[PDB]
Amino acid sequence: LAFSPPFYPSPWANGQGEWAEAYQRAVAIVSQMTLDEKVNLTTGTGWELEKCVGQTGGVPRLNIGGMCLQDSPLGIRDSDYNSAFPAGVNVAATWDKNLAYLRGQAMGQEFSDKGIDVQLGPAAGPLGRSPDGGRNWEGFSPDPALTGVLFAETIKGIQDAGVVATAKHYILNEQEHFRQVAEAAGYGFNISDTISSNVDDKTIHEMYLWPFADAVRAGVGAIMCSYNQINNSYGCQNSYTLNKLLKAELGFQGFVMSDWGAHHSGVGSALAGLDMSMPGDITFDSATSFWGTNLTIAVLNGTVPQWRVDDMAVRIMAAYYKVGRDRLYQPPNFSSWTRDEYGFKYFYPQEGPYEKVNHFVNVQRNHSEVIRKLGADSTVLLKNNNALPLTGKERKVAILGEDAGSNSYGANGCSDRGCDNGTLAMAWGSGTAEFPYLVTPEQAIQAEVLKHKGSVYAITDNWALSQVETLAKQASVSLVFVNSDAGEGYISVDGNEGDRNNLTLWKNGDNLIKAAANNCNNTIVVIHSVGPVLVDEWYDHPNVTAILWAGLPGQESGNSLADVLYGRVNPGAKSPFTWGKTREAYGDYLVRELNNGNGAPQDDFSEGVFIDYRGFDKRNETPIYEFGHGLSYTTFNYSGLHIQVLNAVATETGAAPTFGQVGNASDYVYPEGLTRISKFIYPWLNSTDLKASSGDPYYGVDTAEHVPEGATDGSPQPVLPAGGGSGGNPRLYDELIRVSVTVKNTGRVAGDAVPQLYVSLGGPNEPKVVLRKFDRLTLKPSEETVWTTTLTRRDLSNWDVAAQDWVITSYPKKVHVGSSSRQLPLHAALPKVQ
């Protein structure tokens, strides 16, 4: 079975780069803390004990409030009077770094104004190994360059607004099936441990880790480690991914929190690089914790060195100061668990003072404008045979499909969005937010037609095909709406257990399209979905005149779409994934049956880097719509490619420090006047008897044997060749080549172009092309601009597993510029650089 080699000790923070000041503040305050106060920072107080989906007790003596951590990557979860933004996948489809940053800033403002200190997002894991993976839509794209850049921009927007971002899920959580043992048991599968992603060192560097390097370099405060194992070591105690790749190689200076239920040991996780246990207990409301009391005990008995617990506290305070949270701090002014104004302070056991728990604070500002704009700018025009924009003069408009209409239970009427009813503007699970309202395509399109005194109707029952065909025969245009949904694995809709069982349109969508196209020669298809779907049955029908993919647009969905359909916005989005003729074309099958008896299912990533377009290109398959494809209401020309060569670090760490002092066990015993709330997790001991206060059946059992070599080594360490900076050795970001090309609007309408720069790194098992740069450029008709970008040393390297470093290989490299991964009219060889 795959095996995860040890890497110890767990690197200590050092004030690297832009963390100098936050680190000095953190050391100064942690140096004042007792051991129990430090432990409080690292451990949540139990599921549903306080207001936020994760919450720590904070350090009241030093006026540090409990940290409130709240989902989701697209808007505040489980709250009120908040906005519901488009999903991460729509941000990918914009190809627009500025919109990514502005959506991060608008979310950070809302989370800040609710008294939330840490936003649980954004997401770049799953990256998107499989097109049917249940959570790809929360992240960005299966391409690491596109994802890393928009991931980083989103982080900077949230943290500039004063909230810590959490880069998740770290790492290789590429499918929902078998991700948690009790979830799997619920679905009838008996496994002893969760699915193991087994992946080689070059692929993890070149694909899945890459956006995390960009997140670290962009200054992300927190990372959330994942439910799956990696080579049979759980993501929240994997010393290789946490200590070696994230902390020593990427130089991460912030803190690592568990996913909820992803914490699986006290000592082992602390030594392997975990910094924060969420929601704090071992299982929800177990009234036990791997940390809390156990972690205080593990320091007192000598098993976890004081320097490791002090380092967890320093990384957590440093991230909090780095974004300035101390300057915006207020307790969370809502409850995740009830919308009542008043209630008991500690929700789950219904204890504590009875007081106000919701303040109904409206934090939306005018964030509907950026939502509406980002929905329009993420609507990919896949096909258009001179059918769009509509003019408003269409005499009779048929709006066809459940996906145009309202959810009959209300927009929020399925818990955690766990149904696919009405228009799909948000997929399901914890990566969700309550809509303040949802504008449906039916509403926005009917309103548009009425403003023009047209005739218009909506049919939203996709087995009402008699009515559909009769109306389509009468209509000037039939706008047909179809979807395909997915979400986190704890919810199953129609047997889809988070992951999609297929890539086919849900609710009879292929048959609805055929019924309309059979009868109307101007049938336009709009798809809302979490990822690609199969369009082969109808995309080339002679009466399917246009096809758009609008993703999961959030609360302004119908307006975003009407702006594009009626030409107020010229669509500039480009597909952030491949649209294949079949499911087999994408390869990368999910693991859906037990393949390791009743042990952890094994998920070998045997395709290596060959996911999405890299796989299609390697197998010489032709997508229907390739990665980077999107049409516009204007045309653009690329000309004049030029390349210019440009003229372009500690070897050991310090010893591990300690901050403040640890005293006797009696200093950490529960304080005499404190009422202990049922199920609440505390840092304190029942008595000075360590074994009895731990309640651990394995307390003191063969301890040395279970402490890996190097795990308590506080001496100076070697800096790895690929380490020593933020996101990797700083030499990786030297700029080696400047590339320029002229882009011109050759059409009659102002529009944005998304020029794309791919490289071919050369060599027998490298992808033919890999994206490296892009931008989104607004041009008036006939306007030209010179698009200039640079390739860094990292952009031209491959990961060399013998060197443990990035290397520019001797194969000749080329650059290619154009409008998609398959439309690259300009190509230049690159000169040898190093």
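The numbering used is simple: start at 1 and walk along the sequence shown.
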item	value
Across other compared entries, residue 648 missing in at least a third	yes
Unresolved deposited residues lying between neighbours residue 447 and residue 448	none
Average Cα temperature factor in the PDB entry - higher stretch of 140-148, 302-310	302-310
40-48 versus 781-789 - greater average Cα B-factor per the deposited record	781-789
Candidate residues 350, 460, 379, 432, the one whose C-alpha B factor the record puts highest	350
Highest recorded Cα temperature factor - choice among 173, 606, 421, 333	606
Ranked against its chain, the third holding the CA B-factor of residue 595	highest
B-factor third for the C-alpha atom of residue 650 within its chain	highest
Residue 61 CA temperature factor, ranked by third within the chain	highest
Modelled-residue ranking by C-alpha temperature factor, third containing residue 798	middle
For residue 719, the third of its chain into which the C-alpha B factor falls	highest
